[PDB]
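What follows is one chain in structure tokens, specifically the form deposited in one PDB entry.
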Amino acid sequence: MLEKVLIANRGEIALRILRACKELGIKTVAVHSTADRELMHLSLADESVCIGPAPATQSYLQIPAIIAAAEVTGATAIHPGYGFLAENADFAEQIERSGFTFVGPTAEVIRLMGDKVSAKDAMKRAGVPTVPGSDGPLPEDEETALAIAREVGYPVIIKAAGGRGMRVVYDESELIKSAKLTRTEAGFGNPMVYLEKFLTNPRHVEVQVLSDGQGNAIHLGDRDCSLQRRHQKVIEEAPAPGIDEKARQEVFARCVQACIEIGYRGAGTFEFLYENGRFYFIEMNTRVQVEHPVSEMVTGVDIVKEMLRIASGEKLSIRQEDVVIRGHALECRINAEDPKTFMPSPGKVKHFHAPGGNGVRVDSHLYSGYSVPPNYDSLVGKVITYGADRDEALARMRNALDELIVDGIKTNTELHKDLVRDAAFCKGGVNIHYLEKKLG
């Protein structure tokens, strides 16, 4: 088992990793900025190093600082969490070159899946397509343009190389004339246009995987993260409800195959747009995600603990047949921001009370007397509920939100209270446009 892990992150995810480490008997090193001296996980850590001043560019993103801290402390592995350096290939690469273990995949794989073109090609080999369109620019030759559009299937969208100069074509009789016109409207200066399928009910559905880098990979089911504001996730659930079971099993199998083909090691997520029966690939997150807990609840697998086991050189443990999705889970991201204007709300928490009881889990670094600093993102806690079915998860989230007190700062709790009583959301299957249209 890994001797000593340096937690190259902050906030709730730092505490999450720390907990996984203690369960496995792994010694911990926390790193923090001067603005983060009050972080809950610091005094639970075996060692703590102040690596720089408040700004993330001068502390948490400083590769030399993190590596110096690892060397001073004798850390044998680094867990980057999510954000910061987690998908920075230069960092993984330095860790490799220095002889440390990275709790995550290789730099090479991070680069592969961090570039749109090479990521697309890797998924194509595994049998998974992207959102249908012209690949890439739509030609001026009429019959080639019409042939591409027909395969894509109407309606189609015609986009400029630059939500601007954008045009929907409903029927193929109007295609040439409309493409023609979208090119003329540039001079943006560039007269390149491409074609993209119009999706009517696009849902964000993503597949969780674990892969040991020794030829084994499994899925831990999927999640729906369609409630988004400015592409920031708000509520997540697992499994994604109302998904065509055949299409799901096919995409699970293809995701597992992809892992094996690209040589993936660690926890990762394949993000898709799901459109009435079909999965279209968007990107792979080559790291753990914020919303991992909902998959933990419905599978009974501890994702962070498995990452650590894999990083220490073990094969999975879990066969696919041992993975059964049971019940339903929900997560609400509690952000220190205005619930209506979404302005961050740094400040002192005079009183923090967490929800409790059956099927209620809380992942948060909040405590009474803690000051949320202005410098970093707004995520302060995650309330996660688990039930026998979606309705029970929702009911438990209603109870949980009623008990949550974060006094002294503004949070998005009221928005959550509205969402778990919202008719469309309670019926289920809302798409990625829902929250922004409803908010205005």
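When you see a residue number, it is the position in the sequence shown, counting from 1. What we label the rigid core is the largest C-alpha set whose atoms superpose within 1.5 Å from one form to the other.
Not pictured, yet referred to below: the form deposited in another entry.
Relative to the superposed core, residue 273 undergoes a C-alpha shift smaller than 2 Å between the shown form and the other one. With the core held fixed between the shown form and the other one, residue 200 has its Cα displaced by at least 2 Å. Relative to the displayed conformation, the Cα-Cα distance from residue 182 to residue 433 shrinks by 3 Å or more in the other form.
Distance between the C-alpha atoms of residue 433 and residue 170: shorter by at least 3 Å in the other form than in the displayed form.
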